[PDB]
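Q: This is entry19.pdb (PDB, C-alpha atoms).
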ATOM      1  CA  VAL O   1       0.000   0.000   0.000  1.00  0.00           C
ATOM      2  CA  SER O   2       1.081   3.514  -0.881  1.00  0.00           C
ATOM      3  CA  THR O   3       3.254   5.560   1.500  1.00  0.00           C
ATOM      4  CA  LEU O   4       1.321   8.074   3.577  1.00  0.00           C
ATOM      5  CA  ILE O   5       1.686  11.836   3.257  1.00  0.00           C
ATOM      6  CA  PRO O   6       3.003  13.010   6.804  1.00  0.00           C
ATOM      7  CA  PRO O   7       6.607  13.888   5.720  1.00  0.00           C
ATOM      8  CA  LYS O   8       5.516  16.562   3.270  1.00  0.00           C
ATOM      9  CA  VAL O   9       3.003  18.389   5.476  1.00  0.00           C
ATOM     10  CA  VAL O  10       4.997  21.034   7.300  1.00  0.00           C
ATOM     11  CA  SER O  11       3.138  24.011   8.642  1.00  0.00           C
ATOM     12  CA  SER O  12       2.881  22.802  12.240  1.00  0.00           C
ATOM     13  CA  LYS O  13       6.666  22.782  12.540  1.00  0.00           C
ATOM     14  CA  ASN O  14       6.307  26.546  11.953  1.00  0.00           C
ATOM     15  CA  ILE O  15       4.913  26.910  15.467  1.00  0.00           C
ATOM     16  CA  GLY O  16       5.995  23.418  16.427  1.00  0.00           C
ATOM     17  CA  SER O  17       9.236  24.394  18.070  1.00  0.00           C
ATOM     18  CA  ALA O  18       9.875  27.100  20.617  1.00  0.00           C
ATOM     19  CA  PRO O  19      12.419  29.178  18.575  1.00  0.00           C
ATOM     20  CA  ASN O  20       9.621  30.074  16.124  1.00  0.00           C
ATOM     21  CA  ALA O  21       8.328  32.319  18.940  1.00  0.00           C
ATOM     22  CA  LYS O  22      11.812  33.775  19.444  1.00  0.00           C
ATOM     23  CA  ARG O  23      12.234  34.135  15.683  1.00  0.00           C
ATOM     24  CA  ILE O  24       9.130  36.266  15.257  1.00  0.00           C
ATOM     25  CA  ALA O  25      10.415  38.431  18.092  1.00  0.00           C
ATOM     26  CA  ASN O  26      13.938  39.008  16.717  1.00  0.00           C
ATOM     27  CA  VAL O  27      12.954  39.322  13.042  1.00  0.00           C
ATOM     28  CA  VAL O  28      11.196  42.455  14.268  1.00  0.00           C
ATOM     29  CA  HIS O  29      13.671  43.468  16.970  1.00  0.00           C
ATOM     30  CA  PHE O  30      16.744  42.865  14.900  1.00  0.00           C
ATOM     31  CA  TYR O  31      15.756  44.516  11.707  1.00  0.00           C
ATOM     32  CA  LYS O  32      14.477  47.563  13.618  1.00  0.00           C
ATOM     33  CA  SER O  33      17.780  47.856  15.458  1.00  0.00           C
ATOM     34  CA  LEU O  34      19.886  50.895  14.601  1.00  0.00           C
ATOM     35  CA  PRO O  35      23.680  50.510  14.049  1.00  0.00           C
ATOM     36  CA  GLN O  36      24.390  52.637  17.089  1.00  0.00           C
ATOM     37  CA  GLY O  37      21.786  54.265  19.336  1.00  0.00           C
ATOM     38  CA  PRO O  38      19.790  57.410  18.529  1.00  0.00           C
ATOM     39  CA  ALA O  39      21.812  59.513  21.019  1.00  0.00           C
ATOM     40  CA  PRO O  40      22.789  58.985  24.692  1.00  0.00           C
ATOM     41  CA  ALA O  41      22.247  62.524  26.119  1.00  0.00           C
ATOM     42  CA  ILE O  42      25.345  64.076  27.495  1.00  0.00           C
ATOM     43  CA  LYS O  43      25.149  67.621  26.052  1.00  0.00           C
ATOM     44  CA  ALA O  44      22.860  69.772  23.890  1.00  0.00           C
ATOM     45  CA  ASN O  45      24.346  73.207  24.699  1.00  0.00           C
ATOM     46  CA  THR O  46      21.430  74.697  26.610  1.00  0.00           C
ATOM     47  CA  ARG O  47      24.391  75.791  28.785  1.00  0.00           C
ATOM     48  CA  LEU O  48      23.421  73.344  31.506  1.00  0.00           C
ATOM     49  CA  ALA O  49      23.497  70.414  29.158  1.00  0.00           C
ATOM     50  CA  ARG O  50      27.174  71.414  29.231  1.00  0.00           C
ATOM     51  CA  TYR O  51      27.010  70.976  33.022  1.00  0.00           C
ATOM     52  CA  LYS O  52      25.786  67.437  32.315  1.00  0.00           C
ATOM     53  CA  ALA O  53      28.528  66.991  29.733  1.00  0.00           C
ATOM     54  CA  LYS O  54      31.305  67.885  32.113  1.00  0.00           C
ATOM     55  CA  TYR O  55      29.904  66.262  35.227  1.00  0.00           C
ATOM     56  CA  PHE O  56      26.951  63.924  34.722  1.00  0.00           C
ATOM     57  CA  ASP O  57      28.399  61.746  31.963  1.00  0.00           C
ATOM     58  CA  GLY O  58      27.750  58.029  31.795  1.00  0.00           C
ATOM     59  CA  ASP O  59      31.157  57.322  33.328  1.00  0.00           C
ATOM     60  CA  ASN O  60      31.487  60.368  35.615  1.00  0.00           C
ATOM     61  CA  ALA O  61      30.844  59.325  39.190  1.00  0.00           C
ATOM     62  CA  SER O  62      33.374  62.041  40.099  1.00  0.00           C
ATOM     63  CA  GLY O  63      32.114  64.090  43.029  1.00  0.00           C
ATOM     64  CA  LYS O  64      32.708  67.451  41.355  1.00  0.00           C
ATOM     65  CA  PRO O  65      29.063  68.460  40.497  1.00  0.00           C
ATOM     66  CA  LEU O  66      28.110  67.620  44.083  1.00  0.00           C
ATOM     67  CA  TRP O  67      30.899  69.868  45.404  1.00  0.00           C
ATOM     68  CA  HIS O  68      29.987  72.598  42.961  1.00  0.00           C
ATOM     69  CA  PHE O  69      26.269  72.273  43.663  1.00  0.00           C
ATOM     70  CA  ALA O  70      26.912  72.276  47.427  1.00  0.00           C
ATOM     71  CA  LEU O  71      29.077  75.367  47.147  1.00  0.00           C
ATOM     72  CA  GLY O  72      26.213  77.044  45.281  1.00  0.00           C
ATOM     73  CA  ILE O  73      23.895  76.688  48.265  1.00  0.00           C
ATOM     74  CA  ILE O  74      26.722  78.000  50.501  1.00  0.00           C
ATOM     75  CA  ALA O  75      26.945  81.072  48.242  1.00  0.00           C
ATOM     76  CA  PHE O  76      23.182  81.524  48.412  1.00  0.00           C
ATOM     77  CA  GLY O  77      22.464  81.630  52.129  1.00  0.00           C
ATOM     78  CA  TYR O  78      25.771  83.397  52.953  1.00  0.00           C
ATOM     79  CA  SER O  79      24.545  86.375  50.925  1.00  0.00           C
ATOM     80  CA  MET O  80      21.178  86.044  52.706  1.00  0.00           C
ATOM     81  CA  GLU O  81      23.028  86.370  56.026  1.00  0.00           C
ATOM     82  CA  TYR O  82      24.017  89.842  54.821  1.00  0.00           C
ATOM     83  CA  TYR O  83      20.428  90.389  53.645  1.00  0.00           C
ATOM     84  CA  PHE O  84      19.278  89.836  57.241  1.00  0.00           C
ATOM     85  CA  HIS O  85      22.305  91.225  59.078  1.00  0.00           C
TER      86      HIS O  85
ATOM     87  CA  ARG E  59       5.291 -37.411 -22.406  1.00  0.00           C
ATOM     88  CA  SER E  60       7.472 -40.236 -23.664  1.00  0.00           C
ATOM     89  CA  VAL E  61       7.643 -41.633 -20.139  1.00  0.00           C
ATOM     90  CA  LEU E  62       3.889 -42.241 -20.022  1.00  0.00           C
ATOM     91  CA  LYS E  63       2.550 -45.327 -21.780  1.00  0.00           C
ATOM     92  CA  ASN E  64      -1.083 -44.351 -21.098  1.00  0.00           C
ATOM     93  CA  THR E  65      -0.652 -41.244 -23.250  1.00  0.00           C
ATOM     94  CA  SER E  66      -3.959 -39.825 -24.354  1.00  0.00           C
ATOM     95  CA  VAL E  67      -4.129 -37.324 -21.533  1.00  0.00           C
ATOM     96  CA  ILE E  68      -0.760 -35.696 -22.074  1.00  0.00           C
ATOM     97  CA  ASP E  69      -2.096 -34.251 -25.291  1.00  0.00           C
ATOM     98  CA  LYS E  70      -5.163 -33.167 -23.306  1.00  0.00           C
ATOM     99  CA  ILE E  71      -3.330 -31.320 -20.573  1.00  0.00           C
ATOM    100  CA  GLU E  72      -0.620 -30.067 -22.959  1.00  0.00           C
ATOM    101  CA  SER E  73      -3.212 -28.417 -25.123  1.00  0.00           C
ATOM    102  CA  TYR E  74      -5.235 -27.295 -22.086  1.00  0.00           C
ATOM    103  CA  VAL E  75      -2.230 -25.573 -20.551  1.00  0.00           C
ATOM    104  CA  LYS E  76      -1.215 -24.019 -23.842  1.00  0.00           C
ATOM    105  CA  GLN E  77      -4.822 -22.956 -24.465  1.00  0.00           C
ATOM    106  CA  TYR E  78      -5.260 -21.262 -21.098  1.00  0.00           C
ATOM    107  CA  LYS E  79      -1.642 -20.054 -21.196  1.00  0.00           C
ATOM    108  CA  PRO E  80      -2.863 -16.565 -20.208  1.00  0.00           C
ATOM    109  CA  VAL E  81      -3.845 -17.668 -16.666  1.00  0.00           C
ATOM    110  CA  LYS E  82      -4.434 -14.107 -15.502  1.00  0.00           C
ATOM    111  CA  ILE E  83      -4.857 -10.848 -17.399  1.00  0.00           C
ATOM    112  CA  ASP E  84      -2.826  -7.698 -16.684  1.00  0.00           C
ATOM    113  CA  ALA E  85      -3.583  -5.112 -14.036  1.00  0.00           C
ATOM    114  CA  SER E  86      -2.391  -1.550 -14.260  1.00  0.00           C
ATOM    115  CA  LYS E  87      -4.381   0.274 -11.618  1.00  0.00           C
ATOM    116  CA  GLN E  88      -1.474   2.501 -10.616  1.00  0.00           C
ATOM    117  CA  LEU E  89      -2.149   5.210 -13.146  1.00  0.00           C
ATOM    118  CA  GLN E  90      -5.277   6.699 -11.585  1.00  0.00           C
ATOM    119  CA  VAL E  91      -4.291   6.533  -7.952  1.00  0.00           C
ATOM    120  CA  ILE E  92      -0.596   7.278  -8.429  1.00  0.00           C
ATOM    121  CA  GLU E  93      -1.243  10.549 -10.246  1.00  0.00           C
ATOM    122  CA  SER E  94      -3.757  11.715  -7.628  1.00  0.00           C
ATOM    123  CA  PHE E  95      -1.403  10.830  -4.814  1.00  0.00           C
ATOM    124  CA  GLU E  96       1.464  12.450  -6.633  1.00  0.00           C
ATOM    125  CA  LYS E  97      -0.469  15.707  -6.988  1.00  0.00           C
ATOM    126  CA  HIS E  98      -1.219  16.092  -3.264  1.00  0.00           C
ATOM    127  CA  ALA E  99       2.272  14.930  -2.366  1.00  0.00           C
ATOM    128  CA  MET E 100       3.939  17.270  -4.865  1.00  0.00           C
ATOM    129  CA  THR E 101       1.863  20.228  -3.700  1.00  0.00           C
ATOM    130  CA  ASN E 102       2.648  19.616  -0.040  1.00  0.00           C
ATOM    131  CA  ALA E 103       6.322  18.911  -0.799  1.00  0.00           C
ATOM    132  CA  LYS E 104       6.766  22.134  -2.774  1.00  0.00           C
ATOM    133  CA  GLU E 105       4.905  24.134  -0.113  1.00  0.00           C
ATOM    134  CA  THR E 106       7.267  22.821   2.547  1.00  0.00           C
ATOM    135  CA  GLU E 107      10.307  23.384   0.322  1.00  0.00           C
ATOM    136  CA  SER E 108       9.531  26.993  -0.563  1.00  0.00           C
ATOM    137  CA  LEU E 109       8.455  27.789   2.982  1.00  0.00           C
ATOM    138  CA  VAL E 110      11.613  26.546   4.666  1.00  0.00           C
ATOM    139  CA  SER E 111      13.883  27.987   1.930  1.00  0.00           C
ATOM    140  CA  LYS E 112      12.308  31.397   2.589  1.00  0.00           C
ATOM    141  CA  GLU E 113      12.694  30.930   6.348  1.00  0.00           C
ATOM    142  CA  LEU E 114      16.381  29.993   6.019  1.00  0.00           C
ATOM    143  CA  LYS E 115      17.202  33.254   4.266  1.00  0.00           C
ATOM    144  CA  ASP E 116      14.960  35.157   6.700  1.00  0.00           C
TER     145      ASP E 116
END
Could I get this structure in the form of C-alpha cells?
A:
Amino acid sequence: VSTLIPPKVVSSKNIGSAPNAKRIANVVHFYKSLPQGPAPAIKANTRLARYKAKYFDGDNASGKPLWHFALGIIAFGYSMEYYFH
Amino acid sequence: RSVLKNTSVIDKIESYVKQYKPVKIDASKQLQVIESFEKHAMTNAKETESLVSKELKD
C-alpha cells in the first residue's frame, strides 16, 4: 500500500518548536535595530546640558558636580546672612 | 510425455495448458491513484520546500 503523506506536510513545525516564537520576536527586533543608538544625552548646549557633559556623563561618578552644587547653596544663604544682618 | 505409456491425456493437458496459457490478465491500476497521490504529495512537498527555503534566508 502507498506511503502516507506526513513527511511533506509542514506548517505545524512553523509553530511546532519554541524558537519560532523567538524568531518572530527578533525578526522584528533585529531589523528595527539601529547601528548605534539614537543619542545617549550628554550635552545639547542649553548651557546646563554642558554641566551634564562635564559632570553627569555616563562614566562620571566624580564628586565634582556635588561639590559645585553644594558650594552654590553656601553662596546663596551666605549672601542672605548679609540680607538679614 | 514419452515416459507415459497411457498417453492420451498428455495431449489433453498439454493443449489445455497451452490454451489457457494466459492464466491471468494484466492489471495496471497505478495510473489513476498514483497521479492523484502524486499531486497532493507534490503540492505539499513544494509548499514545505519553498516555505523553509524562505525561512532559512529570513
Q: Hey, what comes out of the PyMOL selection byres ((chain O) within 7 of (chain E)) on this file? Could you write it as an mmCIF file with C-alpha atoms, in the frame of the given file?
A:
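The result, stored in result.cif:
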data_model
loop_
_atom_site.group_PDB
_atom_site.id
_atom_site.type_symbol
_atom_site.label_atom_id
_atom_site.label_comp_id
_atom_site.auth_asym_id
_atom_site.auth_seq_id
_atom_site.Cartn_x
_atom_site.Cartn_y
_atom_site.Cartn_z
ATOM 1 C CA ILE O 5 1.686 11.836 3.257
ATOM 2 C CA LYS O 8 5.516 16.562 3.270
ATOM 3 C CA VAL O 9 3.003 18.389 5.476
ATOM 4 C CA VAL O 10 4.997 21.034 7.300
#
Q: Using the chain letters and numbers from this file, what does the PyMOL selection byres ((chain O and resi 54) around 12) select? Give the answer as an MDAnalysis selection string.
A: chainID O and resid 42:45 47:53 55:65 68
Q: What does the file look like for those residues with C-alpha atoms, as a compact mmCIF listing (two decimals), in the coordinates of the input?
A:
# COMPACT_ATOMS: atom_id res chain seq x y z
CA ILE O 42 25.34 64.08 27.50
CA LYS O 43 25.15 67.62 26.05
CA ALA O 44 22.86 69.77 23.89
CA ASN O 45 24.35 73.21 24.70
CA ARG O 47 24.39 75.79 28.78
CA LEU O 48 23.42 73.34 31.51
CA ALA O 49 23.50 70.41 29.16
CA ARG O 50 27.17 71.41 29.23
CA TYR O 51 27.01 70.98 33.02
CA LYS O 52 25.79 67.44 32.32
CA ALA O 53 28.53 66.99 29.73
CA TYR O 55 29.90 66.26 35.23
CA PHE O 56 26.95 63.92 34.72
CA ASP O 57 28.40 61.75 31.96
CA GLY O 58 27.75 58.03 31.80
CA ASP O 59 31.16 57.32 33.33
CA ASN O 60 31.49 60.37 35.62
CA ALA O 61 30.84 59.32 39.19
CA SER O 62 33.37 62.04 40.10
CA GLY O 63 32.11 64.09 43.03
CA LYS O 64 32.71 67.45 41.36
CA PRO O 65 29.06 68.46 40.50
CA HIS O 68 29.99 72.60 42.96
Q: To one decimal place, how far is CA of residue 85 in chain E from CA of residue 2 in chain O in Å?
A: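 Calculated distance between CA of residue 85 in chain E and CA of residue 2 in chain O is 16.4 Å.
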Q: Work out how far apart CA of residue 13 in chain O and CA of residue 32 in chain O are and give it in Å to one decimal.
A: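 According to the coordinates, CA of residue 13 in chain O and CA of residue 32 in chain O are separated by 26.0 Å.
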Q: Just give me the gap between CA of residue 108 in chain E and CA of residue 20 in chain O in Å, one decimal is fine.
A: 17.0 Å
Q: Would you fill out range 72-105 of chain E with N, CA and C atoms and return it as a compact mmCIF listing (two decimals), in the coordinates of the input?
A:
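Writing done, so here's out-v1.txt:
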# COMPACT_ATOMS: atom_id res chain seq x y z
N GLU E 72 -1.54 -30.92 -22.23
CA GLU E 72 -0.62 -30.07 -22.96
C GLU E 72 -1.33 -28.98 -23.68
N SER E 73 -2.40 -29.36 -24.41
CA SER E 73 -3.21 -28.42 -25.12
C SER E 73 -4.05 -27.56 -24.22
N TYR E 74 -4.44 -28.06 -23.02
CA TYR E 74 -5.24 -27.30 -22.09
C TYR E 74 -4.42 -26.22 -21.42
N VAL E 75 -3.14 -26.53 -21.12
CA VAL E 75 -2.23 -25.57 -20.55
C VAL E 75 -1.88 -24.54 -21.57
N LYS E 76 -1.58 -24.96 -22.82
CA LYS E 76 -1.22 -24.02 -23.84
C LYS E 76 -2.37 -23.20 -24.34
N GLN E 77 -3.62 -23.71 -24.21
CA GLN E 77 -4.82 -22.96 -24.46
C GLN E 77 -5.04 -21.85 -23.48
N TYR E 78 -4.97 -22.18 -22.17
CA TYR E 78 -5.26 -21.26 -21.10
C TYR E 78 -3.97 -20.65 -20.62
N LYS E 79 -2.95 -20.58 -21.51
CA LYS E 79 -1.64 -20.05 -21.20
C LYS E 79 -1.66 -18.66 -20.62
N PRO E 80 -2.43 -17.66 -21.06
CA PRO E 80 -2.86 -16.57 -20.21
C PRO E 80 -3.70 -17.08 -19.05
N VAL E 81 -3.18 -17.06 -17.80
CA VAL E 81 -3.84 -17.67 -16.67
C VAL E 81 -4.41 -16.53 -15.84
N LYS E 82 -3.93 -15.30 -16.10
CA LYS E 82 -4.43 -14.11 -15.50
C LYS E 82 -4.14 -13.01 -16.48
N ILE E 83 -5.02 -11.98 -16.52
CA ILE E 83 -4.86 -10.85 -17.40
C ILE E 83 -4.26 -9.74 -16.58
N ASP E 84 -3.54 -8.82 -17.25
CA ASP E 84 -2.83 -7.70 -16.68
C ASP E 84 -3.66 -6.78 -15.84
N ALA E 85 -3.00 -6.13 -14.86
CA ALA E 85 -3.58 -5.11 -14.04
C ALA E 85 -2.61 -3.98 -14.08
N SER E 86 -3.07 -2.79 -14.55
CA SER E 86 -2.39 -1.55 -14.26
C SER E 86 -3.45 -0.66 -13.69
N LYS E 87 -3.40 -0.47 -12.36
CA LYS E 87 -4.38 0.27 -11.62
C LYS E 87 -3.67 1.46 -11.04
N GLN E 88 -2.32 1.41 -11.03
CA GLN E 88 -1.47 2.50 -10.62
C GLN E 88 -1.29 3.32 -11.86
N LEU E 89 -2.26 4.21 -12.12
CA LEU E 89 -2.15 5.21 -13.15
C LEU E 89 -3.24 6.19 -12.88
N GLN E 90 -4.19 5.84 -11.98
CA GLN E 90 -5.28 6.70 -11.58
C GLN E 90 -5.03 7.14 -10.18
N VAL E 91 -4.45 6.26 -9.35
CA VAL E 91 -4.29 6.53 -7.95
C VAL E 91 -2.95 7.17 -7.78
N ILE E 92 -1.93 6.75 -8.56
CA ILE E 92 -0.60 7.28 -8.43
C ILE E 92 -0.51 8.72 -8.84
N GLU E 93 -1.27 9.16 -9.86
CA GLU E 93 -1.24 10.55 -10.25
C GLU E 93 -1.93 11.43 -9.25
N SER E 94 -3.01 10.94 -8.59
CA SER E 94 -3.76 11.72 -7.63
C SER E 94 -2.92 11.95 -6.41
N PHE E 95 -2.25 10.87 -5.97
CA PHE E 95 -1.40 10.83 -4.81
C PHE E 95 -0.23 11.71 -5.02
N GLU E 96 0.33 11.67 -6.25
CA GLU E 96 1.46 12.45 -6.63
C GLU E 96 1.15 13.91 -6.65
N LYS E 97 -0.08 14.32 -7.04
CA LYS E 97 -0.47 15.71 -6.99
C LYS E 97 -0.51 16.30 -5.60
N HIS E 98 -1.18 15.62 -4.64
CA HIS E 98 -1.22 16.09 -3.26
C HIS E 98 0.13 16.13 -2.63
N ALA E 99 0.93 15.06 -2.86
CA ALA E 99 2.27 14.93 -2.37
C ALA E 99 3.18 16.00 -2.89
N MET E 100 3.11 16.29 -4.21
CA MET E 100 3.94 17.27 -4.86
C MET E 100 3.64 18.64 -4.35
N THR E 101 2.33 18.97 -4.22
CA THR E 101 1.86 20.23 -3.70
C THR E 101 2.40 20.50 -2.33
N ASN E 102 2.21 19.54 -1.41
CA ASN E 102 2.65 19.62 -0.04
C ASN E 102 4.15 19.71 0.07
N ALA E 103 4.88 18.95 -0.77
CA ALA E 103 6.32 18.91 -0.80
C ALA E 103 6.89 20.25 -1.17
N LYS E 104 6.35 20.86 -2.26
CA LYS E 104 6.77 22.13 -2.77
C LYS E 104 6.48 23.25 -1.81
N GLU E 105 5.30 23.20 -1.14
CA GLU E 105 4.90 24.13 -0.11
C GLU E 105 5.90 24.16 1.00
